[PDB]
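**Q** Got a structure for you, upload21.cif, holding mmCIF, C-alpha atoms (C1' of nucleotides) and all ligand atoms.
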data_input
#
loop_
_atom_site.label_atom_id
_atom_site.label_comp_id
_atom_site.auth_asym_id
_atom_site.auth_seq_id
_atom_site.Cartn_x
_atom_site.Cartn_y
_atom_site.Cartn_z
CA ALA S 10 43.94 106.30 47.14
CA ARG S 11 46.55 106.93 49.89
CA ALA S 12 49.11 104.18 50.82
CA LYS S 13 49.05 102.60 54.32
CA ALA S 14 51.52 104.31 56.68
CA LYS S 15 54.82 102.47 57.31
CA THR S 16 56.98 104.17 59.98
CA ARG S 17 60.48 105.25 58.85
CA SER S 18 61.72 103.06 61.75
CA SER S 19 60.28 99.93 60.18
CA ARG S 20 61.88 100.83 56.83
CA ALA S 21 65.28 101.28 58.55
CA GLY S 22 64.82 98.10 60.60
CA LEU S 23 64.93 100.06 63.83
CA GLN S 24 63.04 100.16 67.10
CA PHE S 25 64.20 103.73 67.90
CA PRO S 26 62.00 106.46 66.40
CA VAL S 27 63.52 107.86 63.19
CA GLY S 28 60.68 110.30 62.81
CA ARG S 29 61.08 111.68 66.34
CA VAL S 30 64.85 111.87 65.88
CA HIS S 31 64.40 113.88 62.69
CA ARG S 32 62.06 116.28 64.48
CA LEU S 33 64.51 116.84 67.37
CA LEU S 34 67.34 117.52 64.92
CA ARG S 35 65.19 120.07 62.98
CA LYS S 36 64.02 121.85 66.14
CA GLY S 37 67.25 121.57 68.10
CA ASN S 38 69.07 124.48 66.37
CA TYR S 39 71.93 122.44 64.91
CA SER S 40 71.66 123.29 61.19
CA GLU S 41 69.31 124.98 58.75
CA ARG S 42 68.65 121.66 57.00
CA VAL S 43 68.69 117.97 58.01
CA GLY S 44 69.37 115.26 55.37
CA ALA S 45 67.07 112.23 55.14
CA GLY S 46 69.62 109.64 56.30
CA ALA S 47 70.81 111.63 59.34
CA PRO S 48 68.05 110.62 61.77
CA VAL S 49 68.14 107.03 60.48
CA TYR S 50 71.88 106.91 61.21
CA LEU S 51 71.52 108.64 64.59
CA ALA S 52 68.54 106.56 65.77
CA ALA S 53 70.56 103.47 64.83
CA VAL S 54 73.58 104.56 66.90
CA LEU S 55 71.37 105.45 69.85
CA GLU S 56 69.73 102.02 69.56
CA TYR S 57 73.08 100.22 69.37
CA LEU S 58 74.50 102.01 72.46
CA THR S 59 71.21 101.46 74.33
CA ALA S 60 71.43 97.70 73.53
CA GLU S 61 75.05 97.48 74.60
CA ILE S 62 74.40 99.08 78.05
CA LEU S 63 71.24 97.03 78.51
CA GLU S 64 73.11 93.78 77.62
"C1'" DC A 1 120.51 109.11 110.76
"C1'" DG A 2 123.53 106.52 107.95
"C1'" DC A 3 124.51 104.27 103.77
"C1'" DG A 4 124.93 103.59 98.59
"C1'" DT A 5 124.73 105.54 93.97
"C1'" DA A 6 121.65 108.00 90.84
"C1'" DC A 7 121.84 112.25 88.80
"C1'" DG A 8 123.91 116.99 88.22
"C1'" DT A 9 128.11 119.15 86.04
"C1'" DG A 10 131.44 119.98 82.86
"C1'" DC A 11 134.27 119.11 79.02
"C1'" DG A 12 135.69 117.09 74.61
"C1'" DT A 13 133.68 114.94 70.57
"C1'" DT A 14 130.14 114.22 67.12
"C1'" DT A 15 125.79 114.94 65.13
"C1'" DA A 16 122.32 117.04 62.40
"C1'" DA A 17 119.03 121.37 62.97
"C1'" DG A 18 118.64 125.62 61.06
"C1'" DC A 19 119.10 128.79 57.46
"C1'" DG A 20 118.41 131.00 52.78
"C1'" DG A 21 117.48 129.48 48.35
"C1'" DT A 22 115.92 127.40 44.10
"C1'" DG A 23 112.76 124.18 41.53
"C1'" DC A 24 108.58 121.33 40.87
"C1'" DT A 25 103.81 120.38 41.10
"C1'" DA A 26 99.86 118.43 44.24
"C1'" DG A 27 96.10 119.96 45.69
"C1'" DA A 28 93.74 123.82 48.06
"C1'" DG A 29 90.25 126.74 46.73
"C1'" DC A 30 87.42 129.22 43.50
"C1'" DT A 31 83.69 129.66 39.67
"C1'" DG A 32 79.62 128.61 37.08
"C1'" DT A 33 75.87 125.23 36.02
"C1'" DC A 34 72.41 121.81 36.72
"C1'" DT A 35 69.40 119.05 39.57
"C1'" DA A 36 68.63 115.91 43.27
"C1'" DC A 37 67.19 116.64 47.55
"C1'" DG A 38 65.11 118.96 51.45
"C1'" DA A 39 61.61 122.45 53.17
"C1'" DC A 40 56.98 123.54 53.22
"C1'" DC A 41 52.00 122.54 53.14
"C1'" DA A 42 47.59 120.30 53.89
"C1'" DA A 43 45.02 115.97 54.77
"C1'" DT A 44 44.97 111.80 56.95
"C1'" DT A 45 45.45 108.31 60.82
"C1'" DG A 46 48.14 105.20 63.89
"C1'" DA A 47 52.09 105.50 67.29
"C1'" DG A 48 52.63 106.66 71.88
"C1'" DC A 49 50.75 109.26 75.55
"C1'" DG A 50 48.06 109.66 80.16
"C1'" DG A 51 45.24 107.00 83.11
"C1'" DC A 52 44.09 102.99 85.40
"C1'" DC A 53 44.15 98.10 87.45
"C1'" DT A 54 47.02 93.43 89.08
"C1'" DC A 55 49.87 90.54 91.09
"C1'" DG A 56 54.66 88.95 91.31
"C1'" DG A 57 59.35 90.91 92.31
"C1'" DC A 58 61.55 92.67 95.93
"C1'" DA A 59 62.16 94.64 100.53
"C1'" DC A 60 62.36 93.30 105.13
"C1'" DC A 61 62.24 89.80 108.72
"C1'" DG A 62 64.15 86.03 111.65
"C1'" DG A 63 67.17 81.78 111.83
"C1'" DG A 64 70.76 79.19 110.88
"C1'" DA A 65 75.14 78.44 108.33
"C1'" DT A 66 79.70 79.67 107.62
"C1'" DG A 67 83.62 82.63 106.85
"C1'" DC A 68 86.98 84.67 109.36
"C1'" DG A 69 89.46 87.70 112.98
"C1'" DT A 70 91.77 87.24 117.45
"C1'" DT A 71 94.13 85.24 121.16
"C1'" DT A 72 96.66 81.63 123.65
"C1'" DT A 73 99.11 77.49 123.74
"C1'" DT A 74 101.78 74.42 120.26
"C1'" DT A 75 105.48 72.79 116.31
"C1'" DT A 76 108.76 74.21 112.91
"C1'" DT A 77 112.12 77.77 111.10
"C1'" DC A 78 115.66 80.54 110.52
"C1'" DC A 79 119.08 82.08 112.82
"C1'" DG A 80 123.46 83.00 115.48
"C1'" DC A 81 126.85 82.66 118.88
"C1'" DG A 82 131.55 81.10 118.75
"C1'" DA A 83 134.68 77.32 118.76
"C1'" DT A 84 136.65 74.08 114.31
CA CA S 101 70.75 98.36 66.12
CA CA S 102 73.79 93.04 71.23
CA CA S 103 51.84 103.66 81.12
CA CA S 104 57.97 97.30 99.11
CA CA S 105 69.48 88.85 109.67
CL CL S 106 71.49 112.35 54.68
K K S 107 98.02 124.95 48.55
K K S 108 72.79 117.52 44.78
#
Please, can you express the file's structure as structure tokens?
**A**
Amino acid sequence: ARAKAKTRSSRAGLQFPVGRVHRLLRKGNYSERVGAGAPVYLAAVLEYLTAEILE
DNA sequence: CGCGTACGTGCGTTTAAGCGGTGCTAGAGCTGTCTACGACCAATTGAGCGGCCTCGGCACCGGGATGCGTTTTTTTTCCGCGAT
């Protein structure tokens, strides 16, 4: 009875991939642990700066 | 190279940094405890990849328009000399 999958991006209201960003943080040798809001925050900042250059 | 004065020098006056010290207490830093949060795992599936087709944006062309650099002949300007 498994719930339909909503991407973490859609929950954060982002177009940039939260889930990918989390996975690059975890595998990029930055810290032993990555908190749940970190990729959400970082994807958001990457999205903002992308928008601003694109505008 | 020649002209004007901005900076270096020195000296006499004035300022406040440095020093050694005491006193007070904010907050750095440490300890132990509890628990929210992240890692890990296994199953499940949809986001995003590689591959493939299409047709309009863009590169490239020639032609014509126009912006502008250059020179020579033309009108205005700013002097510039003394002689007053
Ligand atoms: Ca944004
Ligand atoms: Ca914007
Ligand atoms: Ca593609
Ligand atoms: Ca082409
Ligand atoms: Ca041409
Ligand atoms: Cl976090
Ligand atoms: K202290
Ligand atoms: K905690």
**Q** Could you list, as a PyMOL selection string, the residues of chain A having an atom within 9 Å of chain S when counting all atoms listed in the file?
**A** chain A and resi 37-39+44-47
**Q** Would you save the residues from that selection as a short mmCIF file (atom, residue, chain, number, x, y, z; two decimals), keeping the file's coordinate frame, using C-alpha atoms (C1' of nucleotides)?
**A**
data_model
loop_
_atom_site.label_atom_id
_atom_site.label_comp_id
_atom_site.auth_asym_id
_atom_site.auth_seq_id
_atom_site.Cartn_x
_atom_site.Cartn_y
_atom_site.Cartn_z
"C1'" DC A 37 67.19 116.64 47.55
"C1'" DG A 38 65.11 118.96 51.45
"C1'" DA A 39 61.61 122.45 53.17
"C1'" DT A 44 44.97 111.80 56.95
"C1'" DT A 45 45.45 108.31 60.82
"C1'" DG A 46 48.14 105.20 63.89
"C1'" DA A 47 52.09 105.50 67.29
#
**Q** Taking all atoms listed in the file into account, list the residues no farther than 9 Å from ligand K 107 (chain S), as a VMD selection string.
**A** chain A and resid 26 to 29
**Q** What does the list of residues within 10 Å of ligand K 108 (chain S) look like if you count all atoms listed in the file, written as a ChimeraX atom specification?
**A** /A:34-37
**Q** Write as a ChimeraX atom specification the residues around ligand CA 104 (chain S), taking 12 Å as the cut-off and counting only C-alpha atoms (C1' of nucleotides) and all ligand atoms.
**A** /A:56-60
**Q** Give as a list in words the residues surrounding ligand CA 101 (chain S) up to a distance of 7 Å, considering only C-alpha atoms (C1' of nucleotides) and all ligand atoms.
**A**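 Taking only C-alpha atoms (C1' of nucleotides) and all ligand atoms into account, the residues around ligand CA 101 (chain S) at most 7 Å away are residues 23, 53, 54, 56 and 57 of chain S.
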**Q** Near residue 21 in chain S, counting only C-alpha atoms (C1' of nucleotides), which residues have an atom at most 7 Å away, once you skip same-chain residues fewer than 3 positions from it, shown as a tab-separated table (two decimals) with C-alpha atoms, in the frame of the given file?
**A**
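The resulting selection.tsv:
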chain	number	residue	atom	x	y	z
S	17	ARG	CA	60.48	105.25	58.85
S	18	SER	CA	61.72	103.06	61.75
S	49	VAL	CA	68.14	107.03	60.48
